[PDB]
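# Architecture and fold: a report
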Amino acid sequence: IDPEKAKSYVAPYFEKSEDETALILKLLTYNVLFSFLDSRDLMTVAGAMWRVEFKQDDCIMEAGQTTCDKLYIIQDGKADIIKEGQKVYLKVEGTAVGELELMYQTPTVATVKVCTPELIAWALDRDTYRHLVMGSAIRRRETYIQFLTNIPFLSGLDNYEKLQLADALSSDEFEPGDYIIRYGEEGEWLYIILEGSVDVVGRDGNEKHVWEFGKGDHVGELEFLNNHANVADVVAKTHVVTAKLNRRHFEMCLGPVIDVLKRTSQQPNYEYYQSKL
Ligand SMILES: O=c1[nH]cnc2c1ncn2[C@@H]1O[C@H](CO)[C@@H](O)[C@H]1O
Ligand SMILES: O=c1[nH]cnc2c1ncn2[C@@H]1O[C@H](CO)[C@@H](O)[C@H]1O
């Protein structure tokens, strides 16, 4: 995609009710594919979507076809991902199907079979997806996936899921002394430390040193798990490079390792954190 061609691309518009547009935007907001669009782009994308109904056992797309030039975001229902006759993944409400073929321009990798009495989805055509949504997804996936296969708490994600997490990550560089996370404030970001060291500075206020973390560790999830303001600062001790994830996408991206994060917070290195609770 030429950037100028993406700039001047006029998306189709398919009239729909205010209620349907609102429901679409809620789906686009939590789905990883759209994490970098601003409001006007989200509105345009929603205008280019149209509603599709499937009944149980329908194949939305079939492995090996080349004719499917669309993305589907699931509103209601579930679908099986079937490779070589085996169910290998389950797509639930709010997730998308078809993105791999739109990104990479290959034939349909897997068969997607509705396994609920009905499935209601919203479809998006190849050109709108490529011009308005894709952006630099392919570069983000290729960049981050080298680091993500070495992050301990992400072992519980399969390969497809690690790549999908890359869709919603964004990098930041910090300098010795920079506050990455600041006590008392609202948690919105989960940070993965790709390089450097950081200090967890708690309180009791009393400014008390809690723990030191480094390459491969994560910070910020405690506020996601338990919905409370930051119980501690996180301060760059060296130059730190991070990839971060917005709370929006916490469940969609890390669902399969949310249980590991719970265990981790019940370790002794969270004595400070246990006692505050
Ligand atoms: O390994 C997978 N894990 C999870 N979902 C997959 C996988 N492979 C494919 N899809 C889903 O099936 C669609 C059609 O091939 C893809 O676009 C993707 O949404
Ligand atoms: O007791 C602790 N031990 C280790 N890390 C902690 C502890 N408490 C908080 N954090 C880290 O600091 C962030 C801000 O609250 C938490 O989300 C977590 O990443």
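## Some thoughts on the overall build of the protein
When you go through the protein residue by residue, the secondary structure sums to 11 helices and 16 strands. Against the globule reference of 19 Å for 277 residues, the protein gives a C-alpha radius of gyration of 21 Å, in line with a compact fold.

## Considerations on the site of ligand 2
Surrounding ligand 2, one finds 16 residues, the nearest of these being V219, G220, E223, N269 and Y273. Between ligand 2 and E223 there is a distance of 2.4 Å, counted from an oxygen atom to a side-chain nitrogen or oxygen. Protein chains shield 100% of the accessible area of ligand 2, which is 410 Å² for the free molecule. The set of elements that each furnish at least two residues to the shell around ligand 2 consists of β13 (208-213), α8 (221-226) and α11 (271-276). It is α8 that provides the largest number of residues to the shell around ligand 2, a total of 3 residues. When the residues that make up the shell around ligand 2 are grouped by side-chain class, the tally is 11 nonpolar, 3 polar and 2 charged.

## Points about the sheet that holds strand β9 (residues 170-174)
With antiparallel pairing, 4 strands are arranged side by side in an open sheet as β9-β16-β11-β14. Looking along the sheet, the strands with just one partner apiece sit at the ends: β9 and β14 (218-219). As defined by bridge partners, strand β11 (residues 189-195) adjoins β14 across 2 bridges and the pair is classed as antiparallel. Looking across to β14, one finds that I192 is bridged to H218.

## Quick look at the domain arrangement of the protein
One frequent convention defines the size of an interface as the accessible area lost when the parts assemble. Its domain assignment divides the protein into domain 1 (11-134) and domain 2 (135-277). Its C-alpha centre places domain 1 at a distance of 29 Å from the equivalent point of domain 2. The interface of domain 1 with domain 2 comprises 18 residues on the first partner and 18 residues on the second. Both faces combined, the contact of domain 1 with domain 2 buries some 1600 Å², and carbon together with sulfur accounts for 59% of it. Inspection of the region where domain 1 meets domain 2 yields 0 salt bridges. There are 9 residue pairs in polar contact connecting domain 1 and domain 2. For the side of domain 1 that touches domain 2, the secondary structure elements donating two or more residues are α2 (18-30), β5 (86-91), α4 (99-104) and α5 (126-134). When residues of the side of domain 1 that touches domain 2 are assigned to their parent elements, the largest contribution, 4 residues, is made by α4. Tallied by class, the residues present in the side of domain 1 that touches domain 2 amount to 11 nonpolar, 5 polar and 2 charged.

## Some thoughts on the packing of helix α6 (residues 137-148) against helix α7 (residues 159-166)
Two packed helices can be described by the angle between their axes and the distance between those axes. Relative to each other, α6 and α7 sit at 120 degrees, their axes nearing to 8 Å. One finds that α6 runs oblique with respect to α7. As α6 packs across α7, the resulting crossing turns out to be right-handed. Two secondary-structure elements touch here, α6 through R140, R141, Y144, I145 and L148 and α7 through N159, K162, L163, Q164, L165 and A166.

## Things to note about the nonpolar core
By size, the foremost hydrophobic cluster in this structure holds 24 residues, and its most contacted members are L28, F34, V45, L124 and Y129. For this core, the secondary-structure elements that each account for two or more residues are α2, α3 (39-47), β3 (70-76), α4, β8 (118-125) and α5. Ranked by residue count, the leading element in this core is α5, at 4 residues. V45 has contacts with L28, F34, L37, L124, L132 and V133, leaving out every residue within four places of it along the chain. With 23 residues, the next largest nonpolar core counts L165, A166, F224 and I258 among its residues.

## Description of the UniProt feature "binding site: inosine" (unreviewed entry) in the protein
When the UniProt feature table is mapped onto this chain numbering, "binding site: inosine" (unreviewed entry) sits at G220, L222, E223, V231, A232 and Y273. In three dimensions, the annotated residues from a span of 54 residues occupy one location, with a maximal C-alpha spread of 12.3 Å. Note that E223 resides in helix α8. What makes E223 buried here is its relative accessible area of 9%. Among residues more than four places away in sequence, those in contact with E223 are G187, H228, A229, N230 and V231. Tracing the sequence through the fold places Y273 in helix α11. Each residue touching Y273, except ones within four places of it in the same chain, is listed here: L222, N226, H228 and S265. At 3.1 Å, the side chain of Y273 forms a polar contact with the side chain of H228.

Definitions and cut-offs
Here the residue numbering is sequential from 1 along each chain as its sequence is written and may not follow the entry numbering; residues with no coordinates are omitted from view. Numbering of ligands from 1 and lettering of chains from A proceed in the order in which they are written. Values reported for side chains reflect all heavy atoms of the structure, with hydrogen atoms and water molecules removed beforehand. Residues with missing side-chain atoms are left out of burial classes, side-chain pairs and their counts. Put simply, DSSP marks the helices as runs of H or I at least four residues long and the strands as runs of E at least two long, and each gets a number from the N terminus on. Put simply, the radius of gyration uses C-alpha atoms, and a globule should come to 2.2 Å times the residue count raised to 0.38. When at least one non-hydrogen atom of a residue lies within 4 Å of a molecule or strand, that residue is treated as near it. Under this definition, polar contacts are N or O atom pairs within 3.5 Å; protein pairs additionally need one hydrogen-donor-capable and one acceptor-capable atom, and for neighbouring residues in sequence, both atoms have to be side-chain atoms. Throughout, the Shrake-Rupley method with a 1.4 Å probe supplies accessible areas, and for residues the shown protein chains are the sole cover considered. Classification convention: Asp, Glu, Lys, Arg as charged; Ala, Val, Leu, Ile, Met, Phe, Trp, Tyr, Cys, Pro as nonpolar; all other residues, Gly among them, as polar. Here, a strand pair is defined by DSSP locating no fewer than two bridges between the strands. Domain ranges listed in this record stem from an automatic or a database domain assignment. Whether two residues are in contact is decided by their heavy atoms, any of which lying within 4.5 Å being enough. By definition, the buried area sums, over both parts, the 1.4 Å-probe accessible area that each loses when the two are put together. Basic side-chain nitrogens of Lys or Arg form a salt bridge, by our definition, when they fall within 4 Å of a carboxyl oxygen of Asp or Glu. Note on geometry: axes are lines fitted to C-alpha atoms, helical ones only across the stretch in contact, with angles between N-to-C directions running from 0 to 180 degrees. Orientation labels follow simple angle bins: below 35 degrees gives roughly parallel, above 145 gives roughly antiparallel, 65 to 115 gives roughly perpendicular, and whatever is left gives oblique. Should the near helix be turned anticlockwise from the far one by less than a right angle, the crossing is left-handed, and should it be turned clockwise, the crossing is right-handed. To define a nonpolar core, start from buried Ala, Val, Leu, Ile, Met, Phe, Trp, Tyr and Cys residues and group those joined through side-chain atoms within 4.5 Å. Only protein chains enter the accessibility calculation, which uses a 1.4 Å probe; a residue whose area is less than 20% of its type maximum is buried, one above 50% is exposed, and one in between is partly exposed. UniProt positions are given in the numbering used here, feature names are shortened, and annotations may be inferred rather than shown by experiment.

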